[PDB]
Amino acid sequence: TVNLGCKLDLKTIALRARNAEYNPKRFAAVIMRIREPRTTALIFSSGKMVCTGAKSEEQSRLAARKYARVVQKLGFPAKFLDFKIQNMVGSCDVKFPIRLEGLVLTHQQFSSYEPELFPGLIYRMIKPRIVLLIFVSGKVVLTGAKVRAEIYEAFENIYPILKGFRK
DNA sequence: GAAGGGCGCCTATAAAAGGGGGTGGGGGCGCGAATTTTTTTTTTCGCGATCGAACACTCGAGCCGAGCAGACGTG
C-alpha cells in the first residue's frame, strides 16, 4: 500500500485516465492497471492507494511511483508517502508425489486438510507465521509473508518433512 | 435432438482499505397476537353465606276544619 496524502476526484480520474475503470454502484475505489511489471492499483477517495501484482518489492515501489506520476500528470498534488509492503506470495515444486494423510496425522495441531472442499492441504506455520498450500503433485504455495527470508525460512523448515513423505 | 466433450468459472488463502449491511444487545410501546375454548362437569350438593329488590310502618311538615278573636251592621 501507499498513501498519496491528499483527497482526489475519482470520477475525473476515470474520465482522464486511459487504463482505468470506475463504478460507484460496484465499488468505491478506482481501478488502474499498467503494463510496467504488469500490475493493478486501488485508489481511494481518502487518499490511500493499494498496489498489487508486482513480482518484486523494487518494481512495486517502482509501479507505485509511476501511479503517483500519472496522478501528478492529471494536475493533482500527488505525494509518495507511507509506502509499505503488506504481503508477499511465493511458490515452488519438489517434483515428487507426497503423503498427505500422514502429514495431517503427524501435524494435527497445524494442518487442516479438507480433501472434500479445497484439494490441497492448508498448513499454518507459526515461525514467520506463514500460510502454506501443499498439493499432492508436490507443488507448494506460500502467503502471509512480509519479507522473502520468511518464505525461504518457512520452506527450509518444511522441505525435509515433505521429502520424508515422498512416494 | 439427446448424449458427450470442451471451455471456463468456482472455492481457498492473504491482506489492506472504505463503506454498506446483518445480528444482537437493550430498550420500549402496543394491541392486537387474539387462544377463544365450550367446556369439563362433578352434582350429589347443602348449608350459609352475601345481596338487592320488594314493601310496610312511623314521623315531620303543611293544609283544612273547628274554635276563637277582630271587624261590620242593626236594634
# chains A, B, ... in the order shown; residues from 1 in each chain; ligands from 1
$ interface_residues --of "chain A" --to "chain B" --cutoff "12 Å" --atoms "only C-alpha atoms (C1' of nucleotides)" --output "PyMOL selection string"
chain A and resi 1-3+24-30+42-52+84-90+113-124+129-134+141-146
$ write_last_selection --atoms "C-alpha atoms" --output "PDB file, in the first residue's frame"
ATOM      1  CA  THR A   1       0.000   0.000   0.000  1.00  0.00           C
ATOM      2  CA  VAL A   2       0.916   3.690  -0.279  1.00  0.00           C
ATOM      3  CA  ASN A   3      -0.801   6.927   0.798  1.00  0.00           C
ATOM      4  CA  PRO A  24     -19.621   3.744  -7.614  1.00  0.00           C
ATOM      5  CA  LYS A  25     -22.502   1.266  -7.857  1.00  0.00           C
ATOM      6  CA  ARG A  26     -19.985  -1.587  -7.693  1.00  0.00           C
ATOM      7  CA  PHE A  27     -17.067  -0.413  -5.547  1.00  0.00           C
ATOM      8  CA  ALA A  28     -15.727   2.821  -4.083  1.00  0.00           C
ATOM      9  CA  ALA A  29     -12.157   2.737  -5.407  1.00  0.00           C
ATOM     10  CA  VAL A  30     -10.974   3.417  -8.963  1.00  0.00           C
ATOM     11  CA  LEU A  42      -6.768   0.564  -5.965  1.00  0.00           C
ATOM     12  CA  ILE A  43      -7.135   4.322  -5.381  1.00  0.00           C
ATOM     13  CA  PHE A  44      -9.420   5.579  -2.596  1.00  0.00           C
ATOM     14  CA  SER A  45     -11.087   8.980  -2.285  1.00  0.00           C
ATOM     15  CA  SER A  46      -9.468   9.161   1.161  1.00  0.00           C
ATOM     16  CA  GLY A  47      -6.001   9.476  -0.367  1.00  0.00           C
ATOM     17  CA  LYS A  48      -4.834   5.913   0.201  1.00  0.00           C
ATOM     18  CA  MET A  49      -3.868   3.619  -2.643  1.00  0.00           C
ATOM     19  CA  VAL A  50      -3.053  -0.094  -2.844  1.00  0.00           C
ATOM     20  CA  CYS A  51      -0.718  -1.721  -5.384  1.00  0.00           C
ATOM     21  CA  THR A  52      -0.692  -5.437  -6.256  1.00  0.00           C
ATOM     22  CA  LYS A  84       4.905  -0.308   2.697  1.00  0.00           C
ATOM     23  CA  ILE A  85       4.815  -3.940   1.585  1.00  0.00           C
ATOM     24  CA  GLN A  86       1.816  -5.673   3.155  1.00  0.00           C
ATOM     25  CA  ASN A  87       2.052  -9.200   1.772  1.00  0.00           C
ATOM     26  CA  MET A  88       4.232 -11.470  -0.357  1.00  0.00           C
ATOM     27  CA  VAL A  89       3.302 -14.677  -2.193  1.00  0.00           C
ATOM     28  CA  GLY A  90       5.684 -17.385  -3.380  1.00  0.00           C
ATOM     29  CA  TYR A 113      -6.590 -30.919   5.242  1.00  0.00           C
ATOM     30  CA  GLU A 114     -10.032 -30.859   3.679  1.00  0.00           C
ATOM     31  CA  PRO A 115      -9.936 -33.083   0.572  1.00  0.00           C
ATOM     32  CA  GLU A 116     -13.652 -32.605   0.129  1.00  0.00           C
ATOM     33  CA  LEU A 117     -13.535 -28.820  -0.131  1.00  0.00           C
ATOM     34  CA  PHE A 118     -10.204 -27.394  -1.311  1.00  0.00           C
ATOM     35  CA  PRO A 119      -7.977 -30.020  -2.988  1.00  0.00           C
ATOM     36  CA  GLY A 120      -4.801 -29.147  -1.150  1.00  0.00           C
ATOM     37  CA  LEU A 121      -3.606 -29.242   2.438  1.00  0.00           C
ATOM     38  CA  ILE A 122      -3.605 -25.979   4.370  1.00  0.00           C
ATOM     39  CA  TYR A 123      -0.560 -25.635   6.653  1.00  0.00           C
ATOM     40  CA  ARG A 124      -0.344 -22.775   9.142  1.00  0.00           C
ATOM     41  CA  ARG A 129       3.760 -17.009  10.669  1.00  0.00           C
ATOM     42  CA  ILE A 130       3.089 -18.154   7.131  1.00  0.00           C
ATOM     43  CA  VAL A 131       0.189 -19.926   5.430  1.00  0.00           C
ATOM     44  CA  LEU A 132       1.046 -22.754   3.043  1.00  0.00           C
ATOM     45  CA  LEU A 133      -0.892 -24.661   0.408  1.00  0.00           C
ATOM     46  CA  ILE A 134       0.514 -28.076  -0.411  1.00  0.00           C
ATOM     47  CA  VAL A 141       2.306 -22.067  -2.424  1.00  0.00           C
ATOM     48  CA  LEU A 142       3.070 -19.678   0.447  1.00  0.00           C
ATOM     49  CA  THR A 143       1.476 -16.452   1.709  1.00  0.00           C
ATOM     50  CA  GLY A 144       1.361 -14.142   4.734  1.00  0.00           C
ATOM     51  CA  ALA A 145       4.993 -13.125   4.284  1.00  0.00           C
ATOM     52  CA  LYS A 146       6.380  -9.613   4.731  1.00  0.00           C
TER      53      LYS A 146
END
$ closest_residue --among "A:13, A:22, A:138, A:37" --to "residue 100 in chain A" --atoms "only C-alpha atoms"
A:138
$ atom_distance --atom1 "CA of residue 158 in chain A" --atom2 "CA of residue 101 in chain A"
15.8 Å
$ select_by_dssp --residues "chain A" --states "strand (DSSP E)" --output "ChimeraX atom specification"
/A:2-3,20-21,30-34,39-43,48-52,88-92,121-125,130-134,140-145
$ write_last_selection --atoms "N, CA and C atoms" --output "CSV table (one decimal), in the first residue's frame"
chain,number,residue,atom,x,y,z
A,2,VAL,N,0.3,2.4,-0.4
A,2,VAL,CA,0.9,3.7,-0.3
A,2,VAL,C,-0.2,4.8,-0.1
A,3,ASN,N,0.1,5.8,0.6
A,3,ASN,CA,-0.8,6.9,0.8
A,3,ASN,C,-0.4,8.1,-0.1
A,20,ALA,N,-8.0,2.7,-17.0
A,20,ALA,CA,-8.7,2.6,-15.7
A,20,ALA,C,-10.2,2.4,-15.8
A,21,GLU,N,-10.9,2.2,-14.7
A,21,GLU,CA,-12.3,2.0,-14.7
A,21,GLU,C,-12.9,2.4,-13.3
A,30,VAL,N,-11.2,3.5,-7.5
A,30,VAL,CA,-11.0,3.4,-9.0
A,30,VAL,C,-9.9,2.4,-9.3
A,31,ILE,N,-10.1,1.6,-10.3
A,31,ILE,CA,-9.1,0.5,-10.7
A,31,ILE,C,-8.2,0.9,-11.8
A,32,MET,N,-6.9,0.9,-11.6
A,32,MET,CA,-5.9,1.1,-12.6
A,32,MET,C,-4.9,0.0,-12.8
A,33,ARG,N,-4.5,-0.2,-14.1
A,33,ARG,CA,-3.6,-1.3,-14.4
A,33,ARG,C,-2.6,-0.9,-15.5
A,34,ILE,N,-1.3,-1.0,-15.2
A,34,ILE,CA,-0.2,-0.6,-16.1
A,34,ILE,C,0.6,-1.9,-16.6
A,39,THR,N,0.8,-4.8,-13.4
A,39,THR,CA,0.3,-4.6,-12.0
A,39,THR,C,-1.1,-4.0,-12.0
A,40,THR,N,-1.7,-3.9,-10.9
A,40,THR,CA,-3.0,-3.2,-10.7
A,40,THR,C,-3.1,-2.4,-9.4
A,41,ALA,N,-3.7,-1.2,-9.5
A,41,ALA,CA,-3.9,-0.4,-8.3
A,41,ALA,C,-5.3,-0.1,-7.9
A,42,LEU,N,-5.5,0.1,-6.5
A,42,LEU,CA,-6.8,0.6,-6.0
A,42,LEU,C,-6.7,1.9,-5.3
A,43,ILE,N,-7.3,3.0,-5.9
A,43,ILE,CA,-7.1,4.3,-5.4
A,43,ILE,C,-8.4,4.8,-4.7
A,48,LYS,N,-5.6,7.2,0.2
A,48,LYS,CA,-4.8,5.9,0.2
A,48,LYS,C,-4.9,5.2,-1.1
A,49,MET,N,-3.8,4.5,-1.5
A,49,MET,CA,-3.9,3.6,-2.6
A,49,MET,C,-3.2,2.3,-2.3
A,50,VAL,N,-3.6,1.2,-3.0
A,50,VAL,CA,-3.1,-0.1,-2.8
A,50,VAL,C,-2.5,-0.6,-4.2
A,51,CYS,N,-1.3,-1.2,-4.2
A,51,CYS,CA,-0.7,-1.7,-5.4
A,51,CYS,C,-0.4,-3.2,-5.3
A,52,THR,N,-0.9,-4.0,-6.2
A,52,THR,CA,-0.7,-5.4,-6.3
A,52,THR,C,-0.2,-5.9,-7.6
A,88,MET,N,3.5,-10.8,0.7
A,88,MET,CA,4.2,-11.5,-0.4
A,88,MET,C,3.8,-12.9,-0.6
A,89,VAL,N,3.7,-13.3,-1.8
A,89,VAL,CA,3.3,-14.7,-2.2
A,89,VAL,C,4.4,-15.4,-3.0
A,90,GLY,N,4.7,-16.6,-2.7
A,90,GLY,CA,5.7,-17.4,-3.4
A,90,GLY,C,5.2,-18.8,-3.7
A,91,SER,N,6.0,-19.5,-4.6
A,91,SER,CA,5.7,-20.9,-4.8
A,91,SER,C,6.9,-21.6,-5.4
A,92,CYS,N,6.9,-22.9,-5.3
A,92,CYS,CA,7.9,-23.8,-5.9
A,92,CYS,C,7.4,-25.2,-6.0
A,121,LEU,N,-3.7,-29.3,1.0
A,121,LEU,CA,-3.6,-29.2,2.4
A,121,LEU,C,-3.3,-27.8,2.9
A,122,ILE,N,-4.0,-27.3,3.8
A,122,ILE,CA,-3.6,-26.0,4.4
A,122,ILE,C,-2.8,-26.0,5.6
A,123,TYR,N,-1.5,-25.6,5.5
A,123,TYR,CA,-0.6,-25.6,6.7
A,123,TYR,C,-0.3,-24.3,7.2
A,124,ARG,N,-0.5,-24.1,8.5
A,124,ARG,CA,-0.3,-22.8,9.1
A,124,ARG,C,0.9,-22.7,10.0
A,125,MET,N,2.0,-22.3,9.4
A,125,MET,CA,3.3,-22.1,10.2
A,125,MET,C,3.2,-21.0,11.1
A,130,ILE,N,3.3,-18.1,8.6
A,130,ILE,CA,3.1,-18.2,7.1
A,130,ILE,C,2.0,-19.2,6.9
A,131,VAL,N,1.2,-19.0,5.8
A,131,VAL,CA,0.2,-19.9,5.4
A,131,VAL,C,0.6,-20.6,4.2
A,132,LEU,N,0.7,-22.0,4.2
A,132,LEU,CA,1.0,-22.8,3.0
A,132,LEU,C,-0.1,-23.6,2.4
A,133,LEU,N,0.0,-23.8,1.1
A,133,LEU,CA,-0.9,-24.7,0.4
A,133,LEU,C,-0.1,-25.7,-0.3
A,134,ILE,N,-0.3,-27.0,0.1
A,134,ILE,CA,0.5,-28.1,-0.4
A,134,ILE,C,-0.4,-29.0,-1.2
A,140,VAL,N,3.9,-26.3,-4.1
A,140,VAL,CA,3.7,-25.6,-2.8
A,140,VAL,C,3.5,-24.1,-3.0
A,141,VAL,N,2.5,-23.5,-2.4
A,141,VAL,CA,2.3,-22.1,-2.4
A,141,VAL,C,2.4,-21.5,-1.0
A,142,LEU,N,2.9,-20.3,-0.9
A,142,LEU,CA,3.1,-19.7,0.4
A,142,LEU,C,2.6,-18.2,0.4
A,143,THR,N,1.9,-17.8,1.5
A,143,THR,CA,1.5,-16.5,1.7
A,143,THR,C,1.5,-16.0,3.2
A,144,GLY,N,1.3,-14.7,3.4
A,144,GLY,CA,1.4,-14.1,4.7
A,144,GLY,C,2.7,-13.5,5.0
A,145,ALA,N,3.6,-13.6,4.1
A,145,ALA,CA,5.0,-13.1,4.3
A,145,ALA,C,5.1,-11.6,4.2
$ atom_distance --atom1 "CA of residue 148 in chain A" --atom2 "CA of residue 5 in chain A"
28.5 Å
$ atom_distance --atom1 "CA of residue 9 in chain A" --atom2 "CA of residue 54 in chain A"
25.8 Å
$ select_by_dssp --residues "chain A" --states "alpha helix (DSSP H)" --output "MDAnalysis selection string"
chainID A and resid 10:16 57:74 100:106 148:163
$ write_last_selection --atoms "N, CA and C atoms" --output "short mmCIF file (atom, residue, chain, number, x, y, z; two decimals), in the first residue's frame"
data_model
loop_
_atom_site.label_atom_id
_atom_site.label_comp_id
_atom_site.auth_asym_id
_atom_site.auth_seq_id
_atom_site.Cartn_x
_atom_site.Cartn_y
_atom_site.Cartn_z
N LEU A 10 -12.17 10.83 -8.09
CA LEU A 10 -12.04 9.60 -8.86
C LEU A 10 -12.78 9.63 -10.20
N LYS A 11 -13.96 10.23 -10.23
CA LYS A 11 -14.70 10.39 -11.49
C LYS A 11 -13.90 11.16 -12.55
N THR A 12 -13.26 12.26 -12.15
CA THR A 12 -12.36 13.00 -13.05
C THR A 12 -11.22 12.10 -13.52
N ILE A 13 -10.57 11.45 -12.55
CA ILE A 13 -9.54 10.44 -12.81
C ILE A 13 -10.02 9.44 -13.86
N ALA A 14 -11.15 8.80 -13.59
CA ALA A 14 -11.78 7.86 -14.52
C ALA A 14 -11.96 8.50 -15.90
N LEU A 15 -12.41 9.74 -15.92
CA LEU A 15 -12.61 10.47 -17.17
C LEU A 15 -11.28 10.67 -17.89
N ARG A 16 -10.28 11.18 -17.17
CA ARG A 16 -8.96 11.45 -17.74
C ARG A 16 -8.18 10.20 -18.15
N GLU A 57 9.71 -6.24 -4.81
CA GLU A 57 9.46 -5.05 -3.99
C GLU A 57 9.94 -3.75 -4.62
N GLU A 58 11.09 -3.79 -5.28
CA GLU A 58 11.56 -2.65 -6.06
C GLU A 58 10.62 -2.26 -7.20
N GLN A 59 10.17 -3.24 -7.98
CA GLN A 59 9.19 -2.96 -9.02
C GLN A 59 7.83 -2.49 -8.49
N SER A 60 7.42 -2.95 -7.31
CA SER A 60 6.19 -2.44 -6.70
C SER A 60 6.34 -1.00 -6.22
N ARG A 61 7.51 -0.69 -5.67
CA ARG A 61 7.87 0.68 -5.34
C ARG A 61 7.95 1.51 -6.61
N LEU A 62 8.49 0.88 -7.66
CA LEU A 62 8.54 1.46 -8.99
C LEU A 62 7.16 1.75 -9.56
N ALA A 63 6.28 0.75 -9.53
CA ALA A 63 4.91 0.91 -10.02
C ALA A 63 4.11 2.00 -9.29
N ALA A 64 4.15 1.96 -7.96
CA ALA A 64 3.52 2.98 -7.11
C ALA A 64 3.99 4.41 -7.40
N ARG A 65 5.28 4.56 -7.68
CA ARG A 65 5.84 5.83 -8.09
C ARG A 65 5.31 6.25 -9.46
N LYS A 66 5.17 5.28 -10.36
CA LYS A 66 4.57 5.51 -11.67
C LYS A 66 3.10 5.94 -11.59
N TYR A 67 2.36 5.33 -10.65
CA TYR A 67 0.98 5.74 -10.35
C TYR A 67 0.93 7.17 -9.81
N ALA A 68 1.79 7.45 -8.83
CA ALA A 68 1.92 8.79 -8.29
C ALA A 68 2.29 9.78 -9.40
N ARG A 69 3.01 9.31 -10.40
CA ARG A 69 3.38 10.13 -11.55
C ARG A 69 2.17 10.54 -12.41
N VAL A 70 1.37 9.56 -12.85
CA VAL A 70 0.17 9.84 -13.64
C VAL A 70 -0.85 10.72 -12.91
N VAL A 71 -0.96 10.55 -11.59
CA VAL A 71 -1.81 11.40 -10.75
C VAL A 71 -1.33 12.86 -10.76
N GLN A 72 -0.02 13.05 -10.63
CA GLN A 72 0.62 14.35 -10.81
C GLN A 72 0.31 14.93 -12.19
N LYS A 73 0.49 14.10 -13.21
CA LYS A 73 0.21 14.46 -14.60
C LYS A 73 -1.26 14.83 -14.85
N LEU A 74 -2.16 14.35 -14.00
CA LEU A 74 -3.56 14.80 -14.05
C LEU A 74 -3.73 16.21 -13.51
N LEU A 100 -0.12 -37.14 2.29
CA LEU A 100 -0.80 -36.03 2.97
C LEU A 100 -1.57 -36.47 4.22
N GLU A 101 -2.16 -37.66 4.16
CA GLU A 101 -2.85 -38.27 5.30
C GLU A 101 -1.93 -38.44 6.51
N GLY A 102 -0.67 -38.77 6.24
CA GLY A 102 0.36 -38.87 7.26
C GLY A 102 0.76 -37.51 7.81
N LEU A 103 1.03 -36.56 6.92
CA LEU A 103 1.39 -35.20 7.30
C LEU A 103 0.34 -34.58 8.22
N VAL A 104 -0.93 -34.78 7.91
CA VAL A 104 -2.02 -34.25 8.72
C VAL A 104 -2.14 -35.03 10.03
N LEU A 105 -1.82 -36.32 9.98
CA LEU A 105 -1.76 -37.15 11.17
C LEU A 105 -0.67 -36.66 12.13
N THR A 106 0.52 -36.42 11.60
CA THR A 106 1.68 -36.13 12.44
C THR A 106 1.75 -34.65 12.82
N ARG A 148 11.03 -11.79 1.85
CA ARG A 148 11.48 -13.03 1.21
C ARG A 148 12.08 -14.07 2.15
N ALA A 149 12.87 -13.62 3.13
CA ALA A 149 13.53 -14.55 4.04
C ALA A 149 12.53 -15.46 4.74
N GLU A 150 11.38 -14.91 5.11
CA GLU A 150 10.34 -15.71 5.76
C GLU A 150 9.86 -16.86 4.88
N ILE A 151 9.80 -16.65 3.56
CA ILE A 151 9.49 -17.75 2.64
C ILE A 151 10.57 -18.83 2.62
N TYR A 152 11.83 -18.42 2.48
CA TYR A 152 12.92 -19.39 2.45
C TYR A 152 13.00 -20.13 3.78
N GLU A 153 12.91 -19.39 4.88
CA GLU A 153 12.85 -20.00 6.21
C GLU A 153 11.67 -20.95 6.42
N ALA A 154 10.45 -20.51 6.12
CA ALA A 154 9.28 -21.39 6.21
C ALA A 154 9.41 -22.64 5.34
N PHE A 155 10.00 -22.47 4.16
CA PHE A 155 10.26 -23.59 3.24
C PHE A 155 11.40 -24.47 3.73
N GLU A 156 12.41 -23.83 4.31
CA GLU A 156 13.57 -24.53 4.85
C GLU A 156 13.16 -25.45 6.00
N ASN A 157 12.19 -25.00 6.79
CA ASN A 157 11.54 -25.84 7.79
C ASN A 157 10.71 -27.02 7.25
N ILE A 158 9.98 -26.79 6.17
CA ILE A 158 9.00 -27.76 5.68
C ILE A 158 9.55 -28.79 4.68
N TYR A 159 10.56 -28.39 3.90
CA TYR A 159 11.18 -29.25 2.89
C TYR A 159 11.72 -30.62 3.34
N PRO A 160 12.46 -30.68 4.47
CA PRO A 160 12.81 -32.05 4.89
C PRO A 160 11.60 -32.92 5.20
N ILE A 161 10.65 -32.42 5.98
CA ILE A 161 9.43 -33.17 6.27
C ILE A 161 8.74 -33.69 5.01
N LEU A 162 8.54 -32.82 4.03
CA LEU A 162 7.93 -33.22 2.76
C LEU A 162 8.68 -34.29 1.96
N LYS A 163 10.00 -34.17 1.86
CA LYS A 163 10.84 -35.19 1.22
C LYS A 163 10.70 -36.53 1.96
#
